[PDB]
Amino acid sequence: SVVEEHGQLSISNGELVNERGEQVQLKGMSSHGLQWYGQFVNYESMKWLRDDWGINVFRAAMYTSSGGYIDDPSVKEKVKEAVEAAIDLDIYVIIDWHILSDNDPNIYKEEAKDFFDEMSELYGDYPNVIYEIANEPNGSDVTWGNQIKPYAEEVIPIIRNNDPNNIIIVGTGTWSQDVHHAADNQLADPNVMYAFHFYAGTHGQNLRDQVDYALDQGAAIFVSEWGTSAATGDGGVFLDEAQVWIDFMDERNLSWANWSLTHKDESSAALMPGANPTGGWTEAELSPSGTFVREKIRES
């Protein structure tokens, strides 16, 4: 139903819109790293998230380092499983080249180009696909102008040769927080968005103002990762500040994916230990974070 109705997504005047020009907001879940918790990524769990939580997008977090794709490329087939499930379920899907410790996206740029060529060749005639080319650039030596923008100006043409206009999300500096610099020096492709990530454990007032600054320059923003915990993924759940951010995103038409769908014993995890990897969870099988996120998406 979702993808049949909204179909081809595009950016118009800095906003995500559907094929009839109407604003659309995606809300869903990110996997944790596919190398650690891939059992939670399957048609049945995604169907349960679609039907019971109301998700309309699923993000497949394919770490590059930390035992991910560069070390063992088999995780790309789990991305394909997720994409095909999203097509069968009629929801959107984010293919996330999940850099982190490999803090400059240029480190594995050759591999990224090949990976995105493959995925855009396979899936580029489906409207479901959203490409996320560099999760979280980070470090004071990784800047928008010098590192990230040129990286994107190499990867985007590869995708565009196969898929002229599905959405591409591009990470920003300082762990996808520095939308100010990106918005002052935007990419040329008209169907690009810039990533912005937040954690409710951080006091967020200035970060909201910076997202507004970016939006005021005509830049489109996708909140492709956020958590209810601290920046580490652990250390408490901060539902007051999470709700502030939820409301802000609704006011600004910002799409989002929550981190993350796993039973790991960390506060940002959505599931408890014993949660079935194929869905069907009871209340007791959702963590404090997962219960909150499910509520947000069902409310929407």
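By rigid core we mean the largest C-alpha set that fits within 1.5 Å across both forms. One-based numbering along the sequence shown.
S.K.: Root mean square C-alpha distance from this form after a core fit in 9 other deposited structures of this protein: higher for 124 to 132 or for 226 to 234?
M.R.: Once the core is superposed, the stretch further away in 9 other deposited structures of this protein is 226 to 234.
S.K.: Could you settle it for me: does 87 to 95 or 71 to 79 have the higher average Cα B factor in the PDB entry?
M.R.: Mean B over CA atoms: larger for 71 to 79.
S.K.: Highest mean C-alpha temperature factor of the two stretches 110 to 118 and 138 to 146, which is it?
M.R.: Taking the mean B-factor of the alpha carbons in each, 138 to 146 is higher.
S.K.: Highest Cα B-factor in the deposition, which of 272, 57, 261, 61?
M.R.: In the PDB entry, the greatest C-alpha B-factor among 272, 57, 261, 61 is found at 272.
S.K.: In the PDB entry, which of 216, 225, 153, 132 has its C-alpha at the highest B-factor?
M.R.: Of the options given, 216 has the highest CA B-factor in the PDB entry.
S.K.: Please place residue 157 in the lowest, middle or highest third of its chain according to the CA B-factor in the PDB entry.
M.R.: Tercile = middle for this residue's CA B-factor.
S.K.: Ranked by Cα temperature factor within the chain, is residue 197 in the lowest third, the middle third or the highest third?
M.R.: Within its chain, residue 197 is a lowest-third residue by C-alpha B-factor, going by the deposited values.
S.K.: Place residue 50 in the lowest, middle or highest third of its chain's C-alpha B-factors, as listed in the PDB entry.
M.R.: CA B-factor rank for residue 50: middle third.
S.K.: Which third, lowest, middle or highest, does the C-alpha temperature factor of residue 257 belong to within its own chain?
M.R.: CA B-factor rank for residue 257: lowest third.
S.K.: Among the chain's modelled residues, which third holds the C-alpha B-factor of residue 39?
M.R.: It falls in the top third of the chain.
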